[PDB]
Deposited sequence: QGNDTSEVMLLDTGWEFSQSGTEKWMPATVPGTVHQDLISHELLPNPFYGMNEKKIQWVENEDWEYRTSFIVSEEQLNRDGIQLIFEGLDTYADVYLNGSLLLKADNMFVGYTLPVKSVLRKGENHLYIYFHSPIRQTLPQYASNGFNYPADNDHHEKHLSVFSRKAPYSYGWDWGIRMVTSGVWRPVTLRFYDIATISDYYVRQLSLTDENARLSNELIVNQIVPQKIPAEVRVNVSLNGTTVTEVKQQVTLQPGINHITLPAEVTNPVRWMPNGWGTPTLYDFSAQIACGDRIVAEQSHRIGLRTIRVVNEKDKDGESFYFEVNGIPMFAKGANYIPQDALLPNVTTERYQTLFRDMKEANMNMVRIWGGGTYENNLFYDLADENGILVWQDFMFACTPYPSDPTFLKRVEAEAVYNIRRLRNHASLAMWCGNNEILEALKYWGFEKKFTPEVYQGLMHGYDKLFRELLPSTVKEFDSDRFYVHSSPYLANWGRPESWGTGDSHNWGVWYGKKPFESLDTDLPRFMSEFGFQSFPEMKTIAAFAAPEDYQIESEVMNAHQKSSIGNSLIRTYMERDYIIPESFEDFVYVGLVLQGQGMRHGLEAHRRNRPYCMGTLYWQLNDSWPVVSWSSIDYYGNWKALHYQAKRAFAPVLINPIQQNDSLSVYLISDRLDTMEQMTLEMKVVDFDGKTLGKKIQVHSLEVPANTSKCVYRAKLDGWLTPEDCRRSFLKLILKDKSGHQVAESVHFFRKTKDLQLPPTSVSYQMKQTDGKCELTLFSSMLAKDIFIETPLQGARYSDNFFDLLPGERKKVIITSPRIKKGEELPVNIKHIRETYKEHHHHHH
C-alpha cells in the first residue's frame, strides 16, 4: 500500500459511569451495555424479563479514556490524523487538553488533524458520551408535540431528534437498548505529504467491447510547500494488471481534485447471484512523490449496469431492475440489524448471513431504514456474493423534524455514506425512507395533531425526502436511482393503488387475509410482506426457563413485541392445521405454517412475472431472541421459511397452483438460457406409496429464459374424488430431452388439517464424522413437514422441513464445528404426531 503508519486504538480502554469516578476495562469498538455485561454490572439483557432491568443505562452519561505513546519519530511525520469511524452519539472528544470534536451523528465518520496537539511520550484521549435521552429531553420540551413514532418504546418519542439507529429505541421485533460508545474503529494515521480523502471510480459507459471509467480523487495535502507528484491508477484482476494510467501534478496545500480516465477493453462483467460470476476488479490509486508512495487507496470494482425502470405503463407504473441490460426478477428479503449491540456482530456472523442469502438463491437484499448504513464488510460480501443492495436512508415509520439545523446534520450523513458506499458493485438504489409517506396519509395522524402541525409535517416531508436527499444523490451518485419512500404510492388497503410501483402488502398478517389472497392481490414489485413465527425450542430455551414455555408466560410476553401477534398465529394456524395441545408442538407447527404460507406468496409473485418483477419478504433475520417475521432466528438457525424461500427461489421451479377445484402447472425460470425439448412428468401417489392411476406425461415443452408459463391444466372433478384428495399427493418432475431431472415439486390437494395422515415412525441411520452428521431417513408411509431437531445451536442442514415420501429414502447432512467423530441428539417431528 503506502508509507503511512496506522496505529489502531483498540486496547487499553477504560470506562466510567459519569460522576462515580470509578473506572473499569472496556472493549473498543464496543458499547456501554456490553462493557457493563462484561463486568456483571448488567444481567443478560436478552434473558427472560431483563429488558426492564437494563433501561437505567440510557439515563446516565458515560466516559471513555485511553492513553497511547507517540515517539519523536512519529511526531516528525508531516501529518497525523485521528479517525473515528463511528461514535454513538453525542460525544465530546478530548485529546491532551483540546476539544477536538463534538460528535452528534452515529452514522458519520470523523477525520481529525491532531499532529499539533500530540506530545512525545504519553497522550491522553478522553470521550464524554452525553445520554441521548437527557440530551434530547429539552429539545422535546421545546417542540410542543410528540412525534408519532410508535416503535420508540417510551412515553416521549425522542428517537426522531437524534441521528442514531431508530431500532435502538425499540421496534415491533426489537428490545429497547439505547446504547452509546465507540461503535466502529478508532485509528491514528502518521503519514507524509498527503492523504487520499476520497477515491471514486465513476463508470462513464459500459459495452461488451469497452468500459470507460473516470478515476476521481480528492487529495488533502498537509504541508505548506507545492509538491510535485505522480498519480497512478492500476487496474488488475486476480493479481494481474489489465491497465495502468498516470498523471503528473503539483499538489497544492489543502484539497486537490485529480481526475484520471481509464478504459478496460472486453470487460468481464459483474453478474448477480444466479446469472454468473460476481467479477470484481482491483482499482488501486497511488500518490508518488519521487521514489515514495505517500498515499494509496483501493476499491474492488464490479463492471455492470443497473437501471431501475419506474415508468408509466398500461398496468400503472412499473418498478423493476435491469441488470446488464436484462430485466432481473428480484428475489430476496429485508435486512435488519444483526444485534441489539452492533459491535458484537463479528466478521464470521456477516459471512454466515451472506452464505444464508446466497444458498437460498437470493439476488437482492433491502437494508431497511430503521437500522444503520451497514459496515463496509457487509457491502464487500454483497459484492462478492452477487447480491444487489437496496439502501434506505435511516428514516422509518414517522415523520421527522425538518428545521435547518437538522437538515444540515442529515446532509452530512447523506454525503458521508454516499461517498462511503458508491464504489460498491452491489449498490443498486437509494430510498429516502420506510413507510413515512404511507404513515402521513393513512395512519391517522390528522386526528392526532392540529391542522397547523400536520401541515408542517407534510411540508417537512418534502424538504427532506423530495428535496435534500434526492439532490444529494443527484450530486454524489448521479447514475443511481432514488425513490422518496417505500412503498412510494401503493397501500395494502387500496387495491386501486397496487399497479403503481412497489407494495408493502400487509393484508396478510395485519389485514388477517389468508395466504391465498397472495394469488389474487398482486403488486408490480413486493418490497415487503410477511408472517411471524416463534423460533424453535433451543432458541426459546436461551431466553426462558422451562416453567416459562408457554405462549403467554410473562417471560414469553417480554419476547413478543407485537401486541397482536400470538393471537394472529393461532388464528391463522387453525385455518390450515390442527392446533397442537403442547407448546413444543405448537412451536413446530407455527414454523411449518410460516414457511408454507409465505412460500405460497413467493410462488405467486414469480408466477405473475412480468406484472410482478420482484419479492423481498419481511424479514430475513433477528437482532435478539424473539418472536418475529424472520426466516433465520438470532442464533443463525434456519426456520422452515428459509428452506421454503430457497425452494421458491430456485432458478427453475415447477409451480402447481390449485384454485376453483382445478390444477394448473406453471414452469418458472430465471435462467438466462432457454430450455428446449422438456418433459413434465406427474403422478398421484397415496400416503402408503401406491400410485393412483397412471403417470401423466407432457412432452415437447419449452421454458424460455426469464419466464413463467402455464404448461398443464386439469379439473379435479372426474380425476380425483374428495376422498382421493384427502389421502394422496402429486409428484411433479421436469426433465430435459435425455431424461435428466432438472426440477421437482410435490403438491397436496387439501389443507393439512384435512389430510388423513397415517400414524408413522420416521426411522434413521446416522453416520457421524468430524463436524458432520449424515442421516438417512426412512418411513414406509408419508410423514408430513418433518422437522429434524438437534440441540446444537446454529447447526446447518442440507434440508429440513420437507415431506418424507412413503418408502423413499432421504439423505440429510447436518454440519457444525461442534460435531465430533458419535453421537448427535436428534428428535424428528412430523405433523401427525402433534394430535390424536
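Asker: Counting from 1 along the deposited sequence, give me every gap where there's no C-alpha, start to finish.
Answerer: Residues lacking C-alpha coordinates: 1 to 2, 824, 840 to 846.
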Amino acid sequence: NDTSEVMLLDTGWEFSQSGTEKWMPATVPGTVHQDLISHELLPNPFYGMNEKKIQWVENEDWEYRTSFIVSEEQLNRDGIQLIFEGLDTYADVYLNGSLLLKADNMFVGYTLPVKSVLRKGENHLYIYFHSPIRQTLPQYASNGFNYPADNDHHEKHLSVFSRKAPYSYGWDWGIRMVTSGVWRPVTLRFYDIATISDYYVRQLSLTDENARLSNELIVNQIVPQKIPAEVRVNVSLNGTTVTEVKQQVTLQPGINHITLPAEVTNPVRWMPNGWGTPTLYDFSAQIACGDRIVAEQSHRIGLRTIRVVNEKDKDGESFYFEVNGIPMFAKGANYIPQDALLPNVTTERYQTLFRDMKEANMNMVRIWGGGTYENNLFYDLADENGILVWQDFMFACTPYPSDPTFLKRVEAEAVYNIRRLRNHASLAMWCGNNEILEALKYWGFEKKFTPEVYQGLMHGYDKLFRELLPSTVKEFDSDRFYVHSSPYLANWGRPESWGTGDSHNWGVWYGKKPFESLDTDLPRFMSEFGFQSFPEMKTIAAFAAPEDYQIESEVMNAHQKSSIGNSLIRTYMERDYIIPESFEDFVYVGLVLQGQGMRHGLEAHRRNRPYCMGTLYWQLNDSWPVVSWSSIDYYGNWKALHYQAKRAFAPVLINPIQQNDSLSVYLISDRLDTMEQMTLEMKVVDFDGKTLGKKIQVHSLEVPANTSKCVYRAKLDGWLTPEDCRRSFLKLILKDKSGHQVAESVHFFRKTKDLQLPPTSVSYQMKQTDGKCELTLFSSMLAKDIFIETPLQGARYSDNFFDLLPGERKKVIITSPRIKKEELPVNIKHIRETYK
From here on, numbers count along this sequence of modelled residues.
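We call the rigid core the largest set of C-alpha positions that still match within 1.5 Å between the two forms.
Asker: Superpose by the rigid core: which stretch, 465 to 473 or 550 to 558, shows more Cα shift in 6 other deposited structures of this protein?
Answerer: With the rigid core fitted, 550 to 558 is the stretch that strays more in 6 other deposited structures of this protein.
Asker: Give, as the answer, the stretch of 561 to 569 and 647 to 655 that departs more from the shown form in 6 other deposited structures of this protein; the measure is RMS Cα distance after a core fit.
Answerer: This comes out as 561 to 569, the stretch further from the shown form in 6 other deposited structures of this protein.
Asker: Given that the flanking residues are present, does residue 822 go without coordinates in at least a third of the other entries of this protein?
Answerer: Across the compared entries, residue 822 is left out in at least a third.
Asker: Mean CA temperature factor from the deposited coordinates, higher in 443 to 451 or in 272 to 280?
Answerer: Comparing 272 to 280 with 443 to 451, the higher mean C-alpha B-factor belongs to 443 to 451.
Asker: Could you settle it for me: does 569 to 577 or 612 to 620 have the higher average Cα B factor in the PDB entry?
Answerer: Comparing averages over the C-alpha atoms only gives 569 to 577.
Asker: Of the choices 513, 176, 226, 164, which one's C-alpha carries the largest B-factor in the record?
Answerer: Top of the list by C-alpha B-factor: 226.
Asker: Looking at 559, 300, 358, 130, which has the highest CA B-factor as recorded?
Answerer: That would be 559, according to the entry.
Asker: Comparing residue 75 with the other modelled residues of its chain, is its CA B-factor in the lowest, middle or highest third?
Answerer: Highest third, going by the recorded CA B-factors of the chain.
Asker: Split into thirds by Cα B-factor across the chain's modelled residues, where does residue 144 land: lowest, middle or highest?
Answerer: Its C-alpha B-factor, which the entry lists for residue 144, ranks in the middle third among residues of this chain.
Asker: Would you mind checking where the Cα B-factor of residue 530 ranks among the modelled residues of its chain, as the lowest, middle or highest third?
Answerer: According to the entry, residue 530 has a C-alpha B-factor in the chain's lowest third.
Asker: Where does residue 733 sit by CA temperature factor within its chain: lowest, middle or highest third?
Answerer: It belongs to the highest third of the chain when residues are ordered by C-alpha B-factor.
Asker: When the deposited Cα B-factors of this chain's modelled residues are ordered and cut into thirds, is residue 387 in the lowest, the middle or the highest one?
Answerer: CA B-factor rank for residue 387: lowest third.
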